[PDB]
Amino acid sequence: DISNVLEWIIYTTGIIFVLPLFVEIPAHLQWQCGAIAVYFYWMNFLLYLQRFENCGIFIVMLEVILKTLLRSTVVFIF
Amino acid sequence: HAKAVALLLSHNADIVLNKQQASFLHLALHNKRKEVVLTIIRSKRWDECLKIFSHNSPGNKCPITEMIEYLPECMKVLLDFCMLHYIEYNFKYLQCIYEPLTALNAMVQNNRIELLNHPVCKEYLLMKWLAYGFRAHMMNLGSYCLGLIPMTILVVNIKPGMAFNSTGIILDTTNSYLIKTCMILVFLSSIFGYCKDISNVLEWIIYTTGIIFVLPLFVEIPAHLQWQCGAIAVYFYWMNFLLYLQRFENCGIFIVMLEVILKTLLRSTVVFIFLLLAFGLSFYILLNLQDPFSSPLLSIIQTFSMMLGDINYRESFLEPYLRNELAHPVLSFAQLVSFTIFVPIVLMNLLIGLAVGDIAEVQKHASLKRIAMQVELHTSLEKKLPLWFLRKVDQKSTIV
Amino acid sequence: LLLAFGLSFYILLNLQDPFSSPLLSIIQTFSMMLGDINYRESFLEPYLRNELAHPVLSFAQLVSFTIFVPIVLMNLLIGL
Amino acid sequence: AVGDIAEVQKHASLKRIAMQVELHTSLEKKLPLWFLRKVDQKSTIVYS
Ligand SMILES: Cc1noc(Cn2c(=O)c3c(ncn3[C@@H](C)C(=O)Nc3cccc(-c4cnc(C(F)(F)F)nc4)n3)n(C)c2=O)n1
Ligand SMILES: Cc1noc(Cn2c(=O)c3c(ncn3[C@@H](C)C(=O)Nc3cccc(-c4cnc(C(F)(F)F)nc4)n3)n(C)c2=O)n1
C-alpha cells in the first residue's frame, strides 16, 4: 500500500530529524531528513482528510488525475 | 371522453364541485386528459369553468396553475388565444393571499421554459419591467453610483498616499471644488447606505471604508490610514458593483457562473492549502538561502505564486546550482519536478475540469435561470410596493 | 473586475512604474490576467526593500487577484 | 483531466455515501461486540 510507504518514510525521516535528542548527527543530514519529513507529513495529511464529507471527493479527484498523469508520463518522457 | 364533455356542456350542465371541491376541469387536469381539456378551453363556457374552484383547496387549486403543472400544452393553446394578430397580448390568465406573478411563478417552479418563452409571457415580463422593475433597479443603481463615481473620481484625481480635505491636497487648491463635491457625495452616500448575507457585509465594509476615506471633511486623519481605507473602499466598490449587474439580461448568467466557479474553488482551497503548505515548507527548508524562501510565510506565498507556472526554474534552481549555492541540490530538483507535476499540472487541471463541469451545468438551464431571475426580481418588487401604485401601473394588455 | 483590481493596485503599488497611472495600472492588471503577475519584481523585492506601502494589503490583494482573475476568470472563459 | 473529473462527478453523491458506508463498515468489523451493543441506537428522535 502507498499509505504504508508514506507513513514509514514519515516516521523514519522524523526520527532522523529529531535524532540529536539521543545521538549527535550532522546538521546537513538532520535538515535533509527534516525537509522530507515535513513534506511527506503534510502530503500524507491529505489522506486523513479523505474521511470527511467536504474533502473526500476532492481527494478522489486528485488521485484520479494524478494516476492518469502518471500512467501517461511513461509515454511522453520519451 | 371529449365528445361526452362537449355534449354535456352543450346541454347547459351545471359546473359544480364534488365533496372534494373538484370540478370536471380539475378531474380532467389531474388525469392529464388533453383532449377534453382542449374541449373545455375551446368551449363557449370556458370562462364559467375557469371561475369554479375553491381558494382553500390544497389539491384542487386554480385551474390555470393546474394546467401549468399538468398539461402545459393546453396552457400553450390557451395562451395562443391571448395574442390576437398590431398584435395585442392579453394577460388575463397570467396573474390572479397569493404570490405576485402567480402563473409565471408556477411556470418557473415547473421548469416550463417552453411556456415562459411564449410571446405572451415575454410581453408580460417586459410590461412589468417597463412598468416598475426598470425604474426600481435604476433608482437603486443610481443611489449606488452616487457614491461609486465620486470615489473613483477622487482616487484618479488625487495622488495616492497624499492627505487631502475639502480645501484641497495637503496645499494644492486647484481642483478644490471637485474634491469637495466628491467628498460630500461619498459621505452622503455612505451615511445613506447605512439607512438602506455576503452583500450586506460587502456594503457595510464599503460604507465604513468610504467614510474613513473622506473623514478629513470633518476630522483630520493621517494620510496612511486615509489611503489604506481608500484602496479597500474602491476595490470593494467596484467588486460589489457586479452584484448590481446581476439584475440585467446580458450580465446575470455570467455573474451566476462566476459565483459558481468561485464557490467551487473556495470549497476546494481548504483541501489544497495543505498541498501548498507541504511544498512551501519544503521549499523553505531547501531554498532557505534565497530571498523568496527566506521565511515560512514568504515561502508559502511564493509557492502559491508559482502554482500557475511561474516556477522561476533558472533564478531559483539552475543558476544557484551552477554556482554551488544549492544545499541539497538533488533534493531541490526532485522537489521541483514533483511540484511541477502536482500543482501547475494536476491541481490546475483539476480546477479546470471542475470549472468546465460547472459551466456546462449552468448552461444546461441558462434560459430558465435567466427568466427565473427576472420573475423573482419582479415578484420580490411587487411584494414591497403599495397596492395603489401597482394598480396604477398594472397593464391588462399590451398592443405591439 | 479588472477595474476593481487595477485601481486598487494603483493605490497600493503607486510608487512603481507599472502602476504609476490609473490607466497604466489597468493595462498592467489586464496583462497579468494570464499569469504574468510579476510577484518578485512587484511584491517580494519591493517588500524586502521596505518600499511597499501597505505591505499586508498588497499581499492580501495579490492573493485575491490570483484567485479571481488568472484562476476563476480564466477557467470561466475556458469552460465557456 | 476534464474527462476524469466529469466521470467522477457523474457518481459523486454515490461515491461519498459509499465512502461513509465503507468507513463505518470497516470500523464495525474491528470494534468489540460489547461496545457496538453499547453505542448502537435503534431509533433517533429529532427536535430513468
Ligand atoms: C465521505 C466521507 N468519508 O467519511 C466521512 C465522514 N463523515 C462525515 O464527515 C460526516 C458525516 N455526517 C456528517 N459529516 C460531516 C458534516 C462532518 O462531521 N464533518 C467534519 C467533522 C469533523 C471535522 C471536519 C473537518 C472538515 N474539513 C477539515 C479540513 F481541514 F480538511 F478542511 N477539517 C475538519 N469535518 N458522516 C456520516 C461521515 O461518515 N465522510
Ligand atoms: C436576468 C435578469 N434579471 O433582471 C433582469 C432585468 N430585466 C432586463 O434587464 C430586461 C428585461 N427585458 C429586457 N431587458 C434588457 C434588454 C434591459 O432592459 N437591459 C438593460 C437595461 C438598462 C441597462 C442595461 C445595461 C446592461 N449592461 C450594463 C453593463 F454595464 F453591465 F454592461 N449596463 C447596463 N441593460 N426584463 C424583463 C428584466 O427583468 N434580467
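The analysis underlying the following values was restricted to heavy atoms, covering all of them including side chains, and did not include hydrogens, waters or symmetry mates. Just so we're on the same page: letters track the sequence lines, and every chain starts at 1.
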Exercise. Of all heavy-atom pairs between A:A35 and B:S282, which one has the smallest distance, and what is that distance?
Worked result: O-OG, 3.5 Å

Exercise. In terms of heavy-atom pairs under 4.5 Å, which option from A:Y39, A:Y41, A:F40, A:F58 contacts chain B the most?
Worked result: A:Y39

Show me the donor-acceptor pairs, under 3.5 Å and distance only, between side chains in residues 367-377 of chain B and residues at least two apart or in other chains.
none

Seminar exercise, completed: OG (B:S268) and CG (A:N54) are apart, to the nearest 0.5 Å, by 11.0 Å

Seminar exercise, completed: Within residues 45-53 of chain A, contacts to chain B at heavy-atom distances under 4.5 Å involve A:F45, A:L46, A:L49

Problem set entry | Nearest-0.5 Å distance that lies between atom CZ in B:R267 and atom CD1 in A:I57 | 12.0 Å

For this session: Could you look at A:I59 and say if it's the side chain, the backbone, both or neither that has a heavy atom under 4.5 Å from chain B?
Result: side chain

Problem set entry | Heavy-atom neighbours of B:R323 CZ exceed 12 at 6.0 Å | yes

Seminar exercise, completed: Among residues 336-351 of chain B, residues within the sub-4.5 Å heavy-atom range of chain A, in order of number, are B:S338, B:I341, B:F342, B:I345, B:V346, B:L347, B:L350

Problem set entry | Neighbourhood of chain B inside residues 8-33 of chain A, taking heavy atoms under 4.5 Å as contact | A:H28, A:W31, A:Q32

Problem set entry | Atom NZ of B:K384: over 12 foreign heavy atoms under 6.0 Å | no

